[PDB]
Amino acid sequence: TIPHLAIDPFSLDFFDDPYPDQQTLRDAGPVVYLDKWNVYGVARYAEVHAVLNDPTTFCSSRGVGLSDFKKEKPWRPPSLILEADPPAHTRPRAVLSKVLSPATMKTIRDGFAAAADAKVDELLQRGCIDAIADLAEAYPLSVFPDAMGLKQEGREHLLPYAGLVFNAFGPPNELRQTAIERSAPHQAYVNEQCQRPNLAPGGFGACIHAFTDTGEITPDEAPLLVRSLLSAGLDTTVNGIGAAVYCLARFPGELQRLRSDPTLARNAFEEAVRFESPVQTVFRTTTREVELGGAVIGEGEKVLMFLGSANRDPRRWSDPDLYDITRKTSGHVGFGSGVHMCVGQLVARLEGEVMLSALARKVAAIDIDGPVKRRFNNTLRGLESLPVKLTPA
């Protein structure tokens, strides 16, 4: 009944070009079995959306990577939000939602926007740049560590730590084992910065610690919730902004439309999230026997959701393989869906919008002018290097 496939969705060949294999995964059936890793897979929009929206059957507290926390020790103490189910999930979720609130966005927007304009002006003086190191990495590093309230020293640990986190969701392949081999210093830095005295007043980290007296979280929960933001809050935005720049570089007609109406910036970024899906995959674990698209999945099974494939499923999207900055993007699953849907999405969208606005107003052309290099990670999709020439408007 369930087709068995040998595709390794965590192989370098797959990362290098996932799209043919994602169509094979979709077209084989609504539910497949991946013999390489002994997990169920769902690659169509409908089943990805259904699974994400049934957290009782498809739980998160046994891990959202391959490893099952009922069978193996997690590589670090479980996240109190990502790797929790309701009800334990609910109040930590509420705290992070208030920390990363509309009011907070109002407080940081003008500085995020000025930082975005400044970086584009700086890049335009250089002309030829690497849109990864010099833009997609450099811009989030100039606003996000400061918005967290982190000291200057040790920030070189943040992207290595995030890479480790996202590799650690994957199977025990060489990418994961090498990441864990190298983890100790990045882990030590990140855990230390989560302590209340290390987080500058008015920042995200200080605000989490200040929320430890409401009956929602206790003081000993606040360090791990800071850890969540230092895990999920930087590398994702690097790859999201990198996706959007890569899209604009590959689709000049869409850069030209965005220049003509910079208010399209927010949707141009949302579409880049759908088109490249920086977070490619998430797992769940079944808490009971369940029917899903005609397959009977037993209890205690890992299920792998292909977010990138769901976002390119022709059953749900017209011309899914086109980048369209006026597409109605509502409903894509690049930020997830349901109770765990990205609690940091307002920060991500704010960074993406003000960077795309800056490019829309200041840049006339983005031309790839050098070898493109992909970056390989078990969970994140994005580039290592993207040489572009920027032409001023």
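Numbers follow the displayed sequence, beginning with 1.
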**Selected stretch [higher average CA B-factor]: 351-359 or 364-372** = 364-372
**Asked** Which has higher Cα B-factors on average according to the PDB entry: 295-303 or 160-168?
**Response** 295-303
**Which of 311, 177, 231, 256 ranks first by CA B-factor in the deposited coordinates** = 177
**Prompt:** Based on what the PDB entry reports, which of 321, 72, 221, 276 has the top C-alpha B-factor?
**Reply:** 321
**Item:** Third of the chain's Cα B-factor distribution that residue 26 belongs to, per the entry
**Value:** lowest
**Prompt:** Compared with the other modelled residues in the chain, in which third is the CA B-factor of residue 345?
**Reply:** lowest
**Item:** Chain third (lowest, middle, highest) by recorded CA B-factor, residue given as residue 204
**Value:** middle
**Prompt:** Split the chain's modelled residues into thirds by Cα B-factor; is residue 111 in the lowest, middle or highest one?
**Reply:** middle
**Message:** Taking only the Cα B-factors deposited for this chain, tell me whether residue 2 sits in the lowest, middle or highest third.
**Reply:** highest
